[PDB]
Amino acid sequence: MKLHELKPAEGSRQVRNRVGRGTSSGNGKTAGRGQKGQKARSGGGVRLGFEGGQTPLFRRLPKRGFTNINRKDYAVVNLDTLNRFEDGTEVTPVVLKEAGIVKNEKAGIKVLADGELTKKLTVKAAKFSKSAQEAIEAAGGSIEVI
Amino acid sequence: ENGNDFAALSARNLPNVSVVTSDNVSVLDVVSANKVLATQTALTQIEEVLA
Amino acid sequence: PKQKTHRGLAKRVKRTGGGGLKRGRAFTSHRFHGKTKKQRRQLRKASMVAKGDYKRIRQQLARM
RNA sequence: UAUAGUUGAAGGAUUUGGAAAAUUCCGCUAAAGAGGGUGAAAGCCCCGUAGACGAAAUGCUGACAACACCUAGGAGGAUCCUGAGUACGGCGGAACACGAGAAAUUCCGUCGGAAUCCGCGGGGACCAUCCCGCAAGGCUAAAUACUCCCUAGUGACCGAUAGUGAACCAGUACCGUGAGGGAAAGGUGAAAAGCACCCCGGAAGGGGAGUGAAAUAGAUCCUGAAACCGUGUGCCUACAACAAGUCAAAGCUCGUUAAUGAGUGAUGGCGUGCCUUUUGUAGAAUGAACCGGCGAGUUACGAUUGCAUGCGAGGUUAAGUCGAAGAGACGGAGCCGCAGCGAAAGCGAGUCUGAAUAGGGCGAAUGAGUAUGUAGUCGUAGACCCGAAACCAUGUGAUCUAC
RNA sequence: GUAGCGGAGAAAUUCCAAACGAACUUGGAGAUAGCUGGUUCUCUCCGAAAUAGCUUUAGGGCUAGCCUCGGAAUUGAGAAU
RNA sequence: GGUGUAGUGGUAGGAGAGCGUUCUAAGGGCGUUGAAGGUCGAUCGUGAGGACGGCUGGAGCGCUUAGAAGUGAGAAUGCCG
RNA sequence: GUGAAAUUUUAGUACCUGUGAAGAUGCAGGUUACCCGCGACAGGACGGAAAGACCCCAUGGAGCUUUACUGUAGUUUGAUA
């Protein structure tokens, strides 16, 4: 490419629309705003969610629930992701990281059974669902909550 | 390449010539010139950083 | 600056798995002698937000 | 080291011009082809530039010397010390993102008012247990904010209605008792060579003659548009009701970017300006004397959609460090996506309601994202421009008028 | 000598530097105005509304109805007899 | 490229594609044997608009491709002359 | 001899009966009328000057009243230093 023959890719740059520049362009004389009214003024308009004066929808509906301060959220990995390891590896939270499978392990890892394993792993993690542990042990491995 | 300072001094001031070291090549330097005159040492040094 | 969320909407609504918005019902705190048992049984189930309301509400709940 | 300075390479002829730096030939120089000047556009004409050199005097910043200060272990646990109208409490106010609230923590006014290492304070009312500290005495560099001013520079910033209010003797002239308000106004030529002498005229001004490449470049001086005011001419016009043109057309006068030519035009048909606001306008509804200049959807940061490119069950870095105000590498804290349901405990391809394995709600069942560019809309900011009557807080007035 | 949240009044809302139902000047300040005026080049394709509901609402707004652009989808779902 | 058939009034408003101004970069050019600007002509294109020639004028300016915008004026009882 | 002003879309600017945003110099059908001025009069140009002071609106202001709401200076009464 030479600096006197540049060309962007097709569809990648568009021009711009300038209002208030004559009648034949399509947007002269009031610039798309219609005739008079609150919406034709500079800085005119009503705030988001406003409805005239009818009771707004958020205000007819009731509030609900509370936030728990000791809430625990985990960092699920199901069963297909444990197929990208060799037969017999002892998968763990540091080998999951450094493969990028899990970054930001919120409160620890939890394995879930969805849906099919065929390996010989020995999984170390913080939680196991009833079917994850089960299918891990059918294929022939072991678990340990830790 | 590097502290090849006599060569860079000799090559300045010629109105067709630009001088750059091998740790400081940009995309705009290569596109604007018609050719590149690189030494053997500097070529391996560029291959070491672009990897 | 950043956009501020409507804190009164967020205390009343939650976002479902396919992008919708689950909501509670009205007429559910007050004089139940004025309504039938079938009404108060069927005003105990949650519902969703309509399309007219969502179009006008979307930007106030963008982040949560 | 700041405040003066020194030295610093390499060109002549030819053509056109008033004058070359331009053109054409044939040379040279560069650790210097950044920039400015010269009768037009110069690496080689002048000032400079890259490089090398320099300070009597005064002020700054380092380094190393002196001089000044400051700094020791192990054991014991009989007794003494460790900041009092203080911490804290009631009442009234305020500060904490926290509007009295279930209100911890920190202040102010007022009244009441501890303990002493077997002690005292805190972990968001309060208590018990465990854990972390030791108030009511003092000081302290750096990493962060700002530019009246001095030096050296930079700009996909302005170019005389712009840019400072002010390119010029501007906070001036001018206006007001005062506080205060506040302008207009740049350009002969390369060089003044800025018109000796003569003629008309009181002078102003003009005509010759001269300067000069050019004076219709003559000081109201580069260029010299329009409104507006004149002089000369080809064609028409004194029986005619005209939004002023348009279509048809004899006569006269010319002869062009050369082609189904140009100007004027007796006479005939048709025909109620422009803009705004309106159900509706020629409107006796609204605006404009005319001509020229200026004069209105922008940017920053967020959110969403379409298009485009790179990676792809993944994508991507922020502050910061080195670097030419740059590109061009380090940096994985963090952010989005990859799993949902429920108020929550929690369970998980399912979950909640429910006595229910029933039914139903929301989810799964191959079901694509993320960074950046670009355009359309929206939010917070004056947010497309102009326009009040008013409200508040400093100050200046009884040289007029009232007592 | 008395000064603007003020003064003075043989009382009229009268005077306080040609303007007083609350002086003048500077600043908050580009105050606010659901109202009025204005908003600058061209051609091609399509092309409305003046209605319902709710509104301290009635010359403003919101949701639907009616226009335009891009996609998806089984059809034979639209219309006229 | 041919040939058929069908279409092409338009306010608010949506969608597409272009004309012209100033500045930046790269390339290729012009200029005292006369640049920009000004004035006249009977010229070209579907439109915004583009050339060529005369006269005036005295030192700078086009074209191509991409970029960036204080980018277009007839109206505001607009502001200055 | 000297020498302004308010106004102004461009004007080669007749009458009658009609028409029309419902009272026309300018539109229709007729009728009348050679070109250019001077001194006089006020019927028309919904004549000029003043974005109606009358009336209603803006969820506009400002001054005033009170047994309208919510506060407060001042006066008073108790506890405590």
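Check the entry above for the structure.
Residues numbered from 1 in each chain as written, not as in the entry; some residues may be left out. Chains lettered and ligands numbered in written order. Part of a larger assembly, values for the part shown. Heavy atoms only, no water.

**Student:** Before we move on, could you go through the overall build of chain A and cite the residues and values that matter?
**Tutor:** What chain A contains, in helices and strands, is three helices and four strands. Shown N-terminal to C-terminal, the secondary structure of chain A runs as helices and strands in the order α-α-β-β-β-α-β. Radius of gyration (C-alpha) of chain A: 30 Å, far over the 15 Å computed for a compact globule of 146 residues. When the backbone C-alpha atoms are referred to their principal axes, chain A occupies close to 80 × 65 × 25 Å. Scored against the burial criterion, the 146 residues of chain A give a buried share of 18%. Considering only residue pairs separated by 6 or more positions, chain A has 47% of its internal contacts joining residues 24 or more positions apart. Taking the 28 positively charged and 15 negatively charged side chains of chain A as two groups, their mean positions are separated by 24 Å. (Helix = DSSP H or I, 4+ residues; strand = E, 2+ residues; numbered from the N terminus. Rg over C-alpha atoms; globule rule 2.2 N^0.38 Å. Buried < 20%, exposed > 50% of the residue type's maximum accessible area, 1.4 Å probe, protein only. Contact = heavy atoms within 4.5 Å. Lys, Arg positive; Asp, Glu negative; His and termini not counted. Charge placed at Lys NZ, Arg CZ, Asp CG, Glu CD.)

**Student:** Tell me about the side chain of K35(C), residues and numbers included.
**Tutor:** All names here are of chain C. By the element assignment, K35 lies in the loop between strand 2 (22–23) and helix 2 (37–42). It turns out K35 is buried and unbridged, and the closest side chain with the opposite charge, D53, is 20 Å from it. The residues touching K35, leaving out its near neighbours within four places in the chain, are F27, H30 and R40. (Salt bridge = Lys/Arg side-chain N within 4 Å of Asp/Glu carboxyl O.)

**Student:** An account of the nonpolar core is needed here, citing residue identities and associated values.
**Tutor:** Ranked by internal contacts, the top residues of the largest apolar core, which has 17 residues, are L82(A), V111(A), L121(A) and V123(A). Those elements giving two or more residues to this core turn out to be strand 2 (122–125) and helix 3 (130–139) of chain A. Here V123(A) is in contact with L82(A), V91(A), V111(A), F128(A), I136(A), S142(A), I143(A) and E144(A), once residues within four sequence places are set aside. Counting five residues, the second largest nonpolar core, distinct from the first, contains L9(C), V13(C), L21(C) and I57(C). (Core = buried A, V, L, I, M, F, W, Y, C linked by side-chain atoms within 4.5 Å.)

**Student:** Residues and numbers for unusual backbone geometry, please.
**Tutor:** A cis geometry characterises the amide bond from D114(A) onward to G115(A), with omega recorded as -10°. Within the secondary structure, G115(A) is located in the loop between strand 1 (110–111) and strand 2. With a phi close to 70°, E98(A) is a non-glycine residue in the positive phi region. Following the sequence through the fold, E98(A) ends up in the loop between helix 2 (93–96) and strand 1. The phi angle at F27(C) is positive, at roughly 70°, despite the residue not being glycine. Residue position: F27(C) is located in the loop between strand 2 and helix 2. We classify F27(C) as exposed; its relative accessible area is 64%.

**Student:** Kindly report on the interface of chain A and chain C, identifying the contributing residues and their values.
**Tutor:** Contact with chain A, which involves 11 residues of that partner, is made by 13 residues of chain C. For the pair chain A and chain C, the two sides together bury roughly 1,200 Å², of which 63% comes from carbon and sulfur. For chain A, the biggest contributors to the area lost against chain C are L48(A), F58(A) and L61(A); these three give 46% of the whole. For the pair chain A and chain C, the interface holds one salt bridge. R56(C) is paired through a salt bridge with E51(A); the nearest N and O atoms lie 2.7 Å apart. Applying the counting rule to chain A against chain C returns five residue pairs in polar contact. Its residues assigned to classes, the side of chain A that touches chain C comprises six nonpolar, one polar and four charged. (Buried area = accessible area lost by both parts, 1.4 Å probe. Polar contact = N/O pair within 3.5 Å; in protein donor to acceptor, adjacent residues only side chain to side chain. Nonpolar A, V, L, I, M, F, W, Y, C, P; charged D, E, K, R; others polar.)

**Student:** Summarise the protein's contact with RNA strand F; cite the residues concerned and give the values.
**Tutor:** Residue and element names in this part refer to chain A. The environment of RNA strand F is formed by 13 residues, the closest being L6, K7, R13, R18 and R21. The share of sugar and phosphate among atoms of RNA strand F within 4 Å of the protein is 64%. In this structure, a sugar or linking oxygen belonging to RNA strand F sits 3.1 Å away from a main-chain N or O atom of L6. In this structure, a phosphate oxygen belonging to RNA strand F sits 3.4 Å away from a side-chain N or O atom of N27. A class-by-class count of the residues in the surface near RNA strand F yields two nonpolar, five polar and six charged. (Near = heavy atom within 4 Å.)

Purely geometric numbers; function is a separate question.
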